[PDB]
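Student:
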Amino acid sequence: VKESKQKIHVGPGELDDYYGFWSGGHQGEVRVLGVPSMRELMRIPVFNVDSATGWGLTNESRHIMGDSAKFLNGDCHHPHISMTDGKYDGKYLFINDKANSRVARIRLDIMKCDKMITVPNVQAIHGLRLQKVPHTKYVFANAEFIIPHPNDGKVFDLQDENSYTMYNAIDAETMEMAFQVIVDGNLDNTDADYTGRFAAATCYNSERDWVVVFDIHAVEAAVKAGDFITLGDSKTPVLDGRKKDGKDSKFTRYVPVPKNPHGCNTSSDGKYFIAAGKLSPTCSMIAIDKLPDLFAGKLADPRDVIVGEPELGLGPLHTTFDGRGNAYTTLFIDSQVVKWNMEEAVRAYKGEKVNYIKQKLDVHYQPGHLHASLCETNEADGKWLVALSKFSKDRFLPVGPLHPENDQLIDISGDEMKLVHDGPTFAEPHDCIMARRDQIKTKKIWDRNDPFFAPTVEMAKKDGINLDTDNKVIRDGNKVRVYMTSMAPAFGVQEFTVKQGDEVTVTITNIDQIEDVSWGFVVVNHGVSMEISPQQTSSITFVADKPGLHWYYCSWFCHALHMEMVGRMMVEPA
Amino acid sequence: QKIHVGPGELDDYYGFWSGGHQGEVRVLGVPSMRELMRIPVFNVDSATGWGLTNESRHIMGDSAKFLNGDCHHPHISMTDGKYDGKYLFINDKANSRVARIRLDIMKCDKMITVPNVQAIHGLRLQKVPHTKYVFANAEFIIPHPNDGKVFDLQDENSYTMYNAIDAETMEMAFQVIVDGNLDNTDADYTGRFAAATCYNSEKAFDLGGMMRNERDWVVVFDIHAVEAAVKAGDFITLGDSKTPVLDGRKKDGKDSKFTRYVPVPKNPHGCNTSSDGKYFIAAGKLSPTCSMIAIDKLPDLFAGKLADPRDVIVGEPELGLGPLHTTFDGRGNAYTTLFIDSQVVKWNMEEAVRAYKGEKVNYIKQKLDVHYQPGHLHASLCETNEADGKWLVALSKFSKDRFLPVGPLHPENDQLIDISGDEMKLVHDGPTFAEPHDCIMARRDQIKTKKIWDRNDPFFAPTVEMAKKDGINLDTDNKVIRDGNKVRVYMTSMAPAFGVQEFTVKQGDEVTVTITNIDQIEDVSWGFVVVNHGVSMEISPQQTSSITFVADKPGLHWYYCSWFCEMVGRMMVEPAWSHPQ
Ligand code: CUZ
Ligand code: CUA
Ligand SMILES: [Ca+2]
Ligand SMILES: [Cl-]
Ligand SMILES: [Cl-]
Ligand SMILES: [Cl-]
Ligand SMILES: [K+]
Ligand code: NA
Ligand code: NA
Ligand SMILES: [Zn+2]
Ligand SMILES: [Zn+2]
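If you want it as structure tokens, here you go:
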């Protein structure tokens, strides 16, 4: 007998035990929470435009975003942390954008998005998860929607032979495409095994849909051999993982699974891909150690890799793991989390009369994703569970027609799940991920060599500027490039003069060394705003389209004399 | 007092937090300090489409071109010196705006760019007889006209102005030219007087210059005299703005009808009306004091019955290093942030005034350490004559080691403090993003929200009129209206499907999609995203929302329901080469 009795209060001066990384949902950002307090410590802009830091306005952010900087929106769902040997290594966080078909990488040492890619020749990146073993070499990303190839407006027919969607592999370290695998059907969610050979995804188009399993080794072998095509103007190797006249691809196997299956979750012992049944009141358990036989043609029926199909309740959507042998599954219709024992389910599937269900806990209301601490790793610790519920109804004060999501913290450390905290959140975060405090190591101040602003350092070099010291205004036709340091009471350049119509770039290097002393820069009535934290260089470009005197000021309260940290841009009329 | 709000319990107060440099307003529950909602205002919100939709860009006007704001000062409208829960107003220092939020729908419903000024900072509301005016400070001195011929702040036509906005119409009411500049502002409990601190009586542009004078001032406005001159036509106008402009500067040492200047040290910052209506209290900042202005001495001051403007000061308590802001428990105590000493100091106002008269008395009751460098602070109901003395939030700018490390950028630390007793007790550290400067609390029963939109709501009434020109009944119609290279899609939305599940256009067509959520259930919000076109918006129950974008890519393009949602559809774009060149 072990009780669930962890402390959930983090009082003043006490620190949280875990980091939580929440998807920002339809709002487009990533959020850092402290767990168990469930307080938001930081917002990391990704696909949104952030007025505060200037993400989406600065030259450094728009460089990372590339052409997709033209979009002001994103739709995030699935945040995941890079792994080495099946354990979080604290290097990167990755997240999808369903709205504009992107994957972004966040560097966890600076807590900023440092790379972003628009996945070519697909629409809507939804499902996303990382290779676990030997490390996160690939980011695996589902493109949800079937589209014509090419999508040039000659063919709109979605049953055309060249209409399909694809499974996507991004090189985690370079954030370039690795390869794409054409599949049958629509892709929903995906996960990876604990060896690197296999990955799997639920599919909902084309009484039984499937989980498609990928032999990533076979895909890799084909790419190395050059046995691939390319699509349109993308150099990405494209492999064909569809069935042809009933004949399987080398790259894929289609495992029949009921019914419009949704969640696709790898157990922390590495034994199972568990697909949540959604319309079927079941989960289906695929034995990963039977997949080699499946691909080698030693099994009579792709159904032979199914070793469990527990009946759990109405509307199973997602599954997580406590590392003790239990799975935890959201029941969307019954509005519960059900705790069940995986090996007992496997024995039940063979016909033994054993109850594998341990507990059903009511949640409020209509849970979608759920996440137990370290569940994506072989160190799953069985301490905390968050269930992310879509309808909060009366659980919080009314706030008008739009309601928050209810993210409920549940103590799973003992035999009985216990609901301990209701956390309201904005714009349907949908899913989250937790890490131990000691798995995350952050920088206190920036490195002057940081790649995040290395292109700005390069630009300064071409102008002969030492960013650590210089306060200079460079004139170049109708372009004006202001460079300044900022510290203690004043901007290093307190006034400058331009001509109406000039394109002004302001680059600021914060040379304060004290942690937490962030600077800001706002140009009044010009739509210009950005952050410059200690030892960072930030830059922003705008046109001086209004004659006269225009004030700029430091936005980030950094000193008793904050109100007075200002400068003047004087714009001479045309 | 209950500190922790368990599952199934509700908060006792609403808190409305400024979004700081991030530009939104945030709704929190107090005392849990959890964020219940975000209200987009000056930011572009991917989730609801604020800043992308036609309804939101119509409210923002020309300023819809800006993707940023910088807000500090949220305030709730009042009737007879008590919150009435109708509106929240807030400033934008970055692009010189004031915005109004309707507290029944929890959305920004009006926005104004204040003409002929730069940087709206200080903002507060008339209390009595109700919030007729929104008072807003423009912080920075600029030339008039600001056409690029004169840049000198010492020119006789370089100045800044105090701004009054009609709260109900969200049009300018008047502007008062002042000497110096403007920082924070508050209003009395009669409707006659408003007051603002000034830190730049020097009209300088550099740090040393702004600190030269031993005293700047709080400028006091006789609003009755301003209104009297407006109705008498005794005003001018600047540029193309019709806003009445009154001159509240001194001439050759002679006071204007509209203003008086009370010398106060030094670069004073906070300007806070006591809840009993007795004082404007200016926080001394560079001076380790607050200056207490007796509001009942102001009529005599404006009537020339006092010899020296300092005669309206009846207290100047020495409190500590860097006083910035003051709030009130309704028990006769004031609470002031000490930015340098990093404390909140509780002090008794009537004893501070006695000490000013020389009566040696210790008016300081407690100094509580906060973490670290507090700016604003706010006690529950402090801006009303119902100040209840229960909760206090101090908003500190350096959180240092109070939270887990999250990289070089740190959160702010908004600390909840129990003040219901004689001893202040720190109960909760609340990390927040992007520097909320200030917040405002309301009792749960002071706020009444709608669960479902009204079909005649002015928020989308222009969209209803557009639909009418097309012969469209929005509650029923699922139709595609073609008009040259414009395509206007109108659909209803309710489970199980979009009312229009596919439509075809020509490459380059300008497509407007208008969706009416005809579902009646509450919490059933719909969303709409067009993949790879940067298009996203919310449609809540009985709302009509619309968004306009160019179909610049040939081929098939999926759209889907984001919120609460298969619920998908297809836009088919015929290639330009198959249509007239
Ligand atoms: Cu803008 S200032 Cu003390 Cu209000 Cu923060
Ligand atoms: Cu930066 Cu004050
Ligand atoms: Ca001064
Ligand atoms: Cl999943
Ligand atoms: Cl257990
Ligand atoms: Cl104030
Ligand atoms: K800060
Ligand atoms: Na990129
Ligand atoms: Na307006
Ligand atoms: Zn999901
Ligand atoms: Zn899901």
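For the protein sequence lines, the chains are A and B, in the order given.
Just so we're aligned: the first sequence equals residues 53 to 258, 271 to 638 in the deposited numbering.
Just so we're aligned: the second sequence equals residues 58 to 622, 628 to 643 in the deposited numbering.
We treat Cβ as the ideally placed atom computed from N, Cα and C, and that holds for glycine.
1. Does the CB of A/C622 have a neighbour CB from chain B at under 9 Å?
2. Between A/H326 and chain B, is any beta-carbon pair separated by less than 9 Å?
3. Quick check on B/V283: does DSSP put it in helix, strand or coil?
4. Mapping the DSSP letters down to three states, classify A/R317 as helix, strand or coil.
5. Expressed to the nearest angstrom, what Euclidean distance is found between the alpha-carbon atoms of A/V588 and B/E373?
6. Quick one, which of B/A638, B/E196, B/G556 and B/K563 has its alpha-carbon nearest B/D540's?
7. Mind checking whether B/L378 and B/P431 have CB atoms under 9 Å apart?
8. So, A/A340 versus A/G77, is the Cβ gap smaller than 9 Å?
9. On a CA-only basis, which of B/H129, B/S89 and B/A156 is nearest B/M117? Give me that one, please.
10. Are B/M90 and B/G487 touching if we call contact CB-CB under 9 Å?
11. Who are the Cβ neighbours of A/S113 in its own chain at under 6 Å, not counting the five residues just before and after it?
12. So B/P172 and B/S298 are supposed to be a Cβ contact under 8 Å. How far apart are they, rounded?
13. Distance check for A/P345 and A/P322, CA to CA, integer angstroms please.
14. For a contact meaning CB atoms closer than 8 Å, what does A/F99 contact in chain B?
15. Check the Cβ-Cβ distances between A/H115 and every residue of chain B, and say whether any is below 9 Å.
16. So, using beta-carbon positions, are B/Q423 and B/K447 closer together than 9 Å?
17. Does B/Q79 have its Cβ less than 9 Å from a Cβ in chain A?
18. Taking the alpha-carbon positions, what's the A/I350 to A/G65 distance?
19. Using only Cβ atoms and a threshold of 7 Å, which residues come within that distance of a heavy atom of ligand 3? Order them by chain position.
20. Report the neighbours of B/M634 on chain A: residues whose CB is nearer than 9 Å to its CB, in chain order.
21. Looking at A/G138: is its Cβ nearer than 9 Å to the Cβ of A/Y216?
22. Tell me whether A/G432 counts as near ligand 10, meaning its Cβ is closer than 8 Å to at least one heavy atom of that ligand.
23. Are the CB atoms of A/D566 and A/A608 within a distance shorter than 9 Å?
24. List the residues of chain A that B/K454 touches, going by C-beta distances under 8 Å, in chain order.
25. Would you say B/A282 lies against chain A (beta-carbon separation less than 9 Å)?
26. On the DSSP bridge list, what partners appear for A/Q211?
27. I'd like to confirm something about A/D479: is its beta-carbon nearer than 8 Å to some heavy atom of ligand 5, or not?
28. Taking Cβ-Cβ distances below 7 Å as the criterion, which residues of the segment 484-513 of chain B are in contact with chain A?
29. Looking at B/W639 and ligand 7, is the gap between the Cβ and the nearest heavy atom below 8 Å?
30. B/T561: which of B/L613, B/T533 and B/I572 sits nearest, CA to CA?
31. Quick one, are the C-beta atoms of A/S75 and A/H130 less than 9 Å apart?
32. Which residue from A/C347, A/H590 and A/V185 puts its Cα closest to that of A/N329?
33. Select from A/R367, A/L452, A/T441 and A/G86 the residue whose C-alpha is nearest the C-alpha of A/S399.
34. Which residues neighbour ligand 6 when neighbourhood means a C-beta less than 6 Å away from any of its non-hydrogen atoms? List them by chain order.
35. Are any of the Cβ atoms in chain A nearer than 9 Å to that of B/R459?
36. Please check if any C-beta of chain B sits within less than 9 Å of the C-beta of A/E112.
Tutor: Let me lay it out:
1. yes
2. no
3. helix
4. strand
5. 35 Å
6. B/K563
7. no
8. no
9. B/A156
10. yes
11. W107
12. 4 Å
13. 9 Å
14. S103
15. no
16. no
17. yes
18. 46 Å
19. B/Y256, B/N257, B/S258, B/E259, B/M267, B/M268, B/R269, B/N270, B/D273, B/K323 and B/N324
20. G205 and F208
21. no
22. yes
23. yes
24. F621 and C622
25. no
26. According to DSSP, A/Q211 bridges with nothing at all.
27. yes
28. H485, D486, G487, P488, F490, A491, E492, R501, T506, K507, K508, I509 and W510
29. no
30. B/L613
31. yes
32. A/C347
33. A/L452
34. B/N241, B/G327, B/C328, B/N329 and B/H382
35. yes
36. no
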